[PDB]
């Protein structure tokens, strides 16, 4: 008797100042080196986060494809999310590593953060 979801476990990649970014993963059925990550950004605060831009880097052996995001606004009070697809190419199947760069306005400040994603599960690259 085991209760874990079948497939690639989801993670909270970042959570700070009321911004929360979740990652869910889909391994391609046809291409063992391709992993599709859908990001959901949420805002648990009382003010909207505007002009949201999610960017990311991977190591040189990898390749990245960022598709366009559903929106620029992370609504206040958790009334919606921003969705963005990113595809990761890992031809050598090495340990997945990602640095994210976030940029947005909130509470009358231009917000910046740069942070490493530390909790990729082994099934997102193995």
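Residue numbers count along the first chain shown, from 1.
Can you tell me whether 13-21 has a higher mean C-alpha B factor than 107-115 in this record, or the other way round?
On average, C-alpha B-factors are higher across 107-115.
Taking the mean of the C-alpha B-factors per stretch from the entry, tell me the winner out of 89-97 and 36-44.
Comparing 89-97 with 36-44, the higher average CA B-factor belongs to 89-97.
Grab the CA temperature factor for residue 64 from the record and place it in the lowest, middle or highest third of its chain.
It falls in the top third of the chain.
Residue 28's Cα B-factor: lowest, middle or highest third of the chain?
Top third by C-alpha B-factor.
Select lowest, middle or highest to describe the third in which the CA B-factor of residue 50 falls within its chain in this entry.
Lowest third - that is where residue 50 ends up once the chain's C-alpha B-factors are sorted.
Should residue 70 be placed in the lowest, middle or highest third of its chain by the C-alpha B factor in the entry?
Lowest third of the chain for residue 70's C-alpha B-factor.
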